[PDB]
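**Q**
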Amino acid sequence: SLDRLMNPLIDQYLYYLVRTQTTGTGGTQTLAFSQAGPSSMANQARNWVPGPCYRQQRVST
Amino acid sequence: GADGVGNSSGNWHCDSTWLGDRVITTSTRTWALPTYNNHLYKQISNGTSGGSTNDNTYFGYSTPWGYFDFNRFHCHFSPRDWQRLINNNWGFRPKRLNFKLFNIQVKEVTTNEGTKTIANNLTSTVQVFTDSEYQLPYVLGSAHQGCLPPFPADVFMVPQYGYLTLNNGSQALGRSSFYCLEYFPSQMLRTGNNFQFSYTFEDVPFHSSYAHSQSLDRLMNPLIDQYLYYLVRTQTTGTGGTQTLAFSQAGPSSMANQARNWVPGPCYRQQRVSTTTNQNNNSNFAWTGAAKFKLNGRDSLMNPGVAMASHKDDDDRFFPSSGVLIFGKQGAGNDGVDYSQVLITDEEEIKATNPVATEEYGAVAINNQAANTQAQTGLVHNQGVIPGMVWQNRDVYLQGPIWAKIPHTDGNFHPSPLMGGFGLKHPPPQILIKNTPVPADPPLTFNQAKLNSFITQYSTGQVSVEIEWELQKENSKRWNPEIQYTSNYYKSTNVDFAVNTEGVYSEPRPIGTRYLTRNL
Amino acid sequence: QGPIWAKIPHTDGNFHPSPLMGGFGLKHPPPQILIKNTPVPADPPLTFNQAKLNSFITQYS
Ligand SMILES: Nc1ncnc2c1ncn2[C@H]1C[C@H](O)[C@@H](COP(=O)(O)O)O1
Ligand SMILES: Nc1ncnc2c1ncn2[C@H]1C[C@H](O)[C@@H](COP(=O)(O)O)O1
Ligand SMILES: [Cl-]
Ligand code: NA
Numbered sequence: 431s432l433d434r435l436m437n438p439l440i441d442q443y444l445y446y447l448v449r450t451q452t453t454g455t456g457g458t459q460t461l462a463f464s465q466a467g468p469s470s471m472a473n474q475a476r477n478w479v480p481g482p483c484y485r486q487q488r489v490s491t
Numbered sequence: 217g218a219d220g221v222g223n224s225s226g227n228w229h230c231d232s233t234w235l236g237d238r239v240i241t242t243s244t245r246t247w248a249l250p251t252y253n254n255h256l257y258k259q260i261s262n263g264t265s266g267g268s269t270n271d272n273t274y275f276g277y278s279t280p281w282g283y284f285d286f287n288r289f290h291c292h293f294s295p296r297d298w299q300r301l302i303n304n305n306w307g308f309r310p311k312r313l314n315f316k317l318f319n320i321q322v323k324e325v326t327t328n329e330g331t332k333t334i335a336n337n338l339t340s341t342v343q344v345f346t347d348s349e350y351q352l353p354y355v356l357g358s359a360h361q362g363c364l365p366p367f368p369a370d371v372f373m374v375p376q377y378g379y380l381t382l383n384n385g386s387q388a389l390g391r392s393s394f395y396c397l398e399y400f401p402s403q404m405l406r407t408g409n410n411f412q413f414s415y416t417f418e419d420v421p422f423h424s425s426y427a428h429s430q431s432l433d434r435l436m437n438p439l440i441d442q443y444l445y446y447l448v449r450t451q452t453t454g455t456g457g458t459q460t461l462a463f464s465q466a467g468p469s470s471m472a473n474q475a476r477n478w479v480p481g482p483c484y485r486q487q488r489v490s491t492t493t494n495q496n497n498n499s500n501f502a503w504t505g506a507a508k509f510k511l512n513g514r515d516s517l518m519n520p521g522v523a524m525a526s527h528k529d530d531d532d533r534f535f536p537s538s539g540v541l542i543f544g545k546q547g548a549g550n551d552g553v554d555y556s557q558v559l560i561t562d563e564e565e566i567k568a569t570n571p572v573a574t575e576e577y578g579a580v581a582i583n584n585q586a587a588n589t590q591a592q593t594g595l596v597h598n599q600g601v602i603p604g605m606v607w608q609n610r611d612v613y614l615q616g617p618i619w620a621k622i623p624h625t626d627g628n629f630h631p632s633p634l635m636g637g638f639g640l641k642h643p644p645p646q647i648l649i650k651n652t653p654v655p656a657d658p659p660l661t662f663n664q665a666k667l668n669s670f671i672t673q674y675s676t677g678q679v680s681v682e683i684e685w686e687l688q689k690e691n692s693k694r695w696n697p698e699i700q701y702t703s704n705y706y707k708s709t710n711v712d713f714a715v716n717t718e719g720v721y722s723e724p725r726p727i728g729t730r731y732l733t734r735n736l
Numbered sequence: 615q616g617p618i619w620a621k622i623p624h625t626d627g628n629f630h631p632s633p634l635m636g637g638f639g640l641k642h643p644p645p646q647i648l649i650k651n652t653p654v655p656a657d658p659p660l661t662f663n664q665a666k667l668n669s670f671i672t673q674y675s
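Chains as they are written, first to last, in the entry's author numbering: chain A, 431 to 491; chain A', 217 to 736; chain A'', 615 to 675. A prime marks a further copy of an entry chain.
(1) Hey, quick one: how far does the beta strand (DSSP E) through A':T491 stretch, first residue to last?
(2) If contacts are defined as beta-carbon pairs under 8 angstroms, then A':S386 and A':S294 qualify, I think. What distance do you get, rounded to the angstrom?
(3) Taking Cβ positions, are A:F463 and A':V344 nearer each other than 7 angstroms?
(4) Which residues have a Cβ closer than 5 angstroms to any heavy atom of ligand 3, listed in chain order?
(5) CB-CB under 7 angstroms to A':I560, same chain, minus the five flanking residues each way: which ones, in chain order?
(6) Quick check on A':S526: buried or exposed, where buried means 16 or more other Cβ atoms within 10 Å of its Cβ?
(7) What does A'':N663 reach in chain A' if we use C-beta pairs closer than 7 angstroms?
(8) Express the C-alpha separation of A':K510 and A:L444 in angstroms, rounding to a whole number.
(9) Do the segment 574-591 of chain A' and the segment 493-504 of chain A' touch if we need at least three Cβ pairs shorter than 8 angstroms?
(10) Verify whether the separation of the beta carbon atoms of A':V679 and A':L317 is less than 7 angstroms.
(11) What residues of chain A' sit near A'':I671, judged by a beta carbon separation below 7 angstroms?
(12) With a cut-off of 7 angstroms, does the C-beta of A':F713 fall near any C-beta of chain A?
(13) What span of residues does the beta strand (DSSP E) with A':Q678 cover, start to end?
(14) Check each residue's C-beta against every heavy atom of ligand 2 and list, in chain order, those closer than 6 angstroms.
(15) Could you tell me how far apart the beta carbons of A':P645 and A':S348 are, in whole angstroms, since I believe they sit closer than 8 angstroms?
(16) So which of A':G481, A':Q465, A':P482, A':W247 has the shortest CA-CA distance to A':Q474?
(17) Give the residues from the segment 642-655 of chain A'' that approach chain A' closer than 8 angstroms (Cβ to any Cβ), ordered along the chain.
(18) If we call anything under 7 angstroms between Cβ atoms a contact, is A':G637 one with A':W619?
(19) Do three or more CB pairs link the segment 219-237 of chain A' to the segment 625-632 of chain A'' at distances below 8 angstroms?
(20) With the cut-off set at 7 angstroms, would you say A':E565 and A':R734 are in Cβ contact?
(21) Any C-beta of chain A sitting closer than 7 angstroms to the C-beta of residue 738 of chain A'?
(22) Check distances from the C-beta atoms of the segment 349-380 of chain A' to those of chain A'' and list, in chain order, the residues that come in under 9 angstroms.
(23) Pick helix, strand or coil for A':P655, following the three-state DSSP scheme.
(24) Is A':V371 near ligand 1 - that is, is its Cβ less than 6 angstroms away from at least one heavy atom of it?
(25) Taking the straight line between their C-alpha atoms, what separation do you get for A':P658 and A':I649?
(26) Can you confirm whether the segment 400-407 of chain A' touches the segment 315-330 of chain A' when touching is taken to mean that 3 or more C-beta pairs between the two stretches lie within less than 8 angstroms?
(27) Quick check: A':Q376 and A:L439, are their CB atoms within less than 7 angstroms of each other?
(28) Does any CB atom of chain A' fall closer than 7 angstroms to the CB of A:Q486?
(29) Are the CB atoms of A':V371 and A':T279 within a distance shorter than 7 angstroms?
(30) State the start and end residues of the unbroken alpha helix (DSSP H) segment that holds A':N303.
(31) Residues of the segment 455-469 of chain A with a CB closer than 9 angstroms to any CB of chain A': list them in chain order, please.
(32) Going by DSSP in three states, A':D347 sits in which element: helix, strand or coil?
(33) What is the rounded straight-line gap between the Cα of A':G547 and the Cα of A'':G627?
(34) Which same chain residues end up closer than 6 angstroms to A':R488 when comparing Cβ atoms and leaving out the 5 residues on each side of it in sequence?
(35) By DSSP, does A':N550 sit in helix, in strand, or in coil?
(36) Can you tell me which of the three DSSP states A':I566 falls into?
The following block contains the structure:
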């Protein structure tokens, strides 16, 4: 798949914004960054993105 | 002798040479290869079931092979060299390279009663081969760790090779393909044995090291007035309020009105976030807020997105949540690190031709104006390419990526890696290495089983990558001094891009490529 | 048991550049000869680590 173009074992040398707010009760804004890993595949940066689309109404057999 | 154990099977070349356009980089590092997966190909999948979401599902395999990656600029460039290149050229691109593996040594480690000893197995071998035909899933260009170290002195571990195949949940499909590296003609080595090859970069466009010194909108002479008119008023000024058509020639004062031949580049809206904590809304919108693209029923984050200006002037604190590259400060933690550790890159240089990441592209009319109905307009958050657009590609950094393999697809548009770099159809082939399994003594009576006992060993050696880059000198007639990357004079306790008191080279900030300015 | 030569500092100017400790003042003296034992890593951990190896076999030449 276009999304799954990277090695599972390795972790990207780049970070992404993982949280805007502290976990738990405090609820105070903070900036947390994590290196996209194998487990967090969706987060990690990619060089290519999917093709174009025009919405098509769905219908079931 | 030609190839013997008491003989250097190669030398150390770590030099940079500048002649004319051509700048040649040469690096050598000392690597170590662990045994991977106990000499076993393992099926690896992450399921829908359990804590993990559906968007993080995958199916693939982890191989007993390691791979050599040099796809990061800092590997071939000294910080000082990066400076010379950035500060005096309007562009550059890779032309050819040369790879070498040598002084291979294989060690066998023994442990008895808490006593550990490491000595040499000379008869032992190490397999190497290049995916010169591109038949193996392309790992590189995914920004994966494990590239040669930035500092020459450091000794590094070789990354483990593994790949992904089509999956539904934790299951594979009929289509999904399983590759066996061993089914590849690979060359074997014993110490005093060396491997090496050469590759030449397909022709690719020079990267832009120049930042525009004219906005796309401001492309016209102030003094003169356009011979064309625009609709300036729909209604008479003052009390009367009766519809009329008034036309004016766009002049110097009315710059915004005047017609233009070119329009800004494409944009995908990126949620804005402020470095200052207080300004941001008090919600965890890291994921919910962020723009994303849905493929095959799974939503993946739009990182790092299309190339767009990080911020409009004086909005320096602002950045796209996912729309810029981020580099950790040295020693930074992998998970949930504080803001201070990270180095957030800034792509404001390209603001002149590219849309701001956090703002709309502009506006379009939503309905026909009517005698009764009022005119309306809607914002454009998502804007695709149209005739007349011009734009700048995303920048590369001293510690950025270099190239990426263009997907073998029926079609694509402006295939320049979104993380920055050169898009190649046939990039530098993946180099695969592996320690040949050396079986532990077999049982005396034949067994149909496959041997599961092996001597424990790892290998080490030097590696050499030499790349020839073609420069493109500056031609500017700019009268005033241009901006340039410099190291501040003012004293400090540590030197920039040096080792600290402990022996830990560190890259204090990301270093862009565009300092020199060129006209539009 | 004295010194023999010394490298004349690369400066815009100087006077009678004979090493003050005695000897021959050379602009291009015998080049410094540098030697080093190549690091030989101790067995690496089985699962890839982004860290730089800190364990080496102890040896001298
Ligand atoms: N870095 C990189 N790699 C590969 N292909 C690229 C790159 N940058 C632009 N392109 C595309 C853009 C055009 O489709 C073509 C060159 O045409 P031109 O008229 O020269 O832009 O190649
Ligand atoms: N040992 C040594 N090394 C380098 N330069 C030296 C040395 N002794 C004298 N000099 C200087 C003195 C003069 O400037 C020049 C030779 O000129 P002359 O007229 O022959 O004295 O060299
Ligand atoms: Cl790091
Ligand atoms: Na595994």
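Note that the Cβ used here is the ideal one computed from N, Cα and C, for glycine as well.
**A** Taking the structure as given:
(1) If you number the second sequence from 1, residue 491 of chain A' lands on position 275. From DSSP, A':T491 is part of no beta strand (DSSP E); its letter is neither H nor E.
(2) Residue 386 of chain A' sits at position 170 when you count from the first residue of the second sequence. Residue 294 of chain A' sits at position 78 when you count from the first residue of the second sequence. The pair is not a contact, with the Cβ atoms about 46 angstroms apart (cut-off 8 angstroms).
(3) Position 33 of the first sequence, counting from 1, holds the residue named residue 463 of chain A. Position 128 of the second sequence, counting from 1, holds the residue named residue 344 of chain A'. Taking 7 angstroms as the Cβ cut-off, A:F463 and A':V344 do not qualify as a contacting pair.
(4) A':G544, A':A548
(5) One-based indexing of the second sequence puts residue 560 of chain A' at position 344. For A':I560, where only same-chain residues beyond five positions count, the Cβ hits under 7 angstroms are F535, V540, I542.
(6) Looking up residue 526 of chain A' in the second sequence gives position 310. Answer is buried; the Cβ neighbour count reaches 16.
(7) Within the third sequence, numbered from 1, the residue matching residue 663 of chain A'' stands at position 49. Ordered by position in chain A', the residues that pass the 7 angstroms Cβ test against A'':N663 are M373.
(8) Residue 444 of chain A sits at position 14 when you count from the first residue of the first sequence. Residue 510 of chain A' sits at position 294 when you count from the first residue of the second sequence. Distance between the alpha carbons of A:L444 and A':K510 is about 22 angstroms.
(9) no
(10) As a first step, residue 679 of chain A' must be located in the second sequence, where it is residue number 463. As a first step, residue 317 of chain A' must be located in the second sequence, where it is residue number 101. Yes, the pair counts as a contact, with Cβ atoms nearer than the cut-off.
(11) Position 57 of the third sequence holds residue 671 of chain A''. Correct list: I334.
(12) Residue numbering aside, residue 713 of chain A' sits at position 497 when the second sequence is read from its first letter. Output row for A':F713: interface = no.
(13) The sequence position of residue 678 of chain A' within the second sequence is 462, counting from 1. Residues 673-689.
(14) A'':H630, A'':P631, A'':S632, A'':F638, A'':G639
(15) The sequence position of residue 645 of chain A' within the second sequence is 429, counting from 1. The sequence position of residue 348 of chain A' within the second sequence is 132, counting from 1. 5 angstroms between Cβ atoms; contact.
(16) Residue mapping note: residue 474 of chain A' aligns to position 258 of the second sequence, counting from 1. Out of A':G481, A':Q465, A':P482, A':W247, A':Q465 has the C-alpha closest to the C-alpha of A':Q474.
(17) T652, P653, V654, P655
(18) Mapped onto the second sequence, residue 637 of chain A' falls at position 421. Mapped onto the second sequence, residue 619 of chain A' falls at position 403. Against a cut-off of 7 angstroms, the Cβ pair of A':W619 and A':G637 comes out as a contact.
(19) no
(20) Position 349 of the second sequence, counted from the start, is the residue given in the question as residue 565 of chain A'. Position 518 of the second sequence, counted from the start, is the residue given in the question as residue 734 of chain A'. No, they are not a contact pair.
(21) Examination of residue 738 of chain A' is not possible in this model, given that chain A' is present from 217 through 736 alone.
(22) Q361, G362, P365, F367, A369, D370, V371, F372, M373, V374, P375, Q376
(23) The residue you call residue 655 of chain A' lines up with position 439 of the second sequence. A':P655: strand per DSSP, three-state reduction.
(24) For the purposes of this step, residue 371 of chain A' is identified with residue 155 of the second sequence, where counting begins at 1. Not so, every heavy atom of ligand 1 lies at least 6 angstroms from the Cβ.
(25) As a first step, residue 658 of chain A' is located in the second sequence; it is residue number 442 there, counting from the start. As a first step, residue 649 of chain A' is located in the second sequence; it is residue number 433 there, counting from the start. Going from the Cα of A':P658 to the Cα of A':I649 covers about 26 angstroms.
(26) yes
(27) Residue mapping note: residue 376 of chain A' aligns to position 160 of the second sequence, counting from 1. Residue mapping note: residue 439 of chain A aligns to position 9 of the first sequence, counting from 1. Closer than 7 angstroms, so yes.
(28) On the first sequence, position 56 is the one that residue 486 of chain A refers to. No, A:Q486 does not count as interfacial toward chain A'.
(29) Position 63 of the second sequence holds residue 279 of chain A'. Position 155 of the second sequence holds residue 371 of chain A'. Not in contact: A':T279 and A':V371 (Cβ atoms no closer than 7 angstroms).
(30) As a working note, residue 303 of chain A' is residue 87 in the second sequence. It spans 295-304 - the alpha helix (DSSP H) in which A':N303 sits, taken as one unbroken run.
(31) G457, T458, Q459, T460, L461, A462, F463, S464, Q465, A466, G467, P468, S469
(32) Position 131 of the second sequence holds residue 347 of chain A'. In the structure shown, A':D347 sits in coil (DSSP, three-state: anything other than H, G, I, E or B).
(33) Along the second sequence, one-based indexing puts residue 547 of chain A' at 331. Along the third sequence, one-based indexing puts residue 627 of chain A'' at 13. Cα to Cα, A':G547 sits roughly 46 angstroms from A'':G627.
(34) For the purposes of this step, residue 488 of chain A' is taken as residue 272 along the second sequence, with counting starting at 1. So the qualifying residues of the chain are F534, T574.
(35) On the second sequence, residue 550 of chain A' is found 334 positions in, with the first residue counted as 1. A':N550: coil per DSSP, three-state reduction.
(36) As a first step, residue 566 of chain A' is located in the second sequence; it is residue number 350 there, counting from the start. Helix at A':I566.
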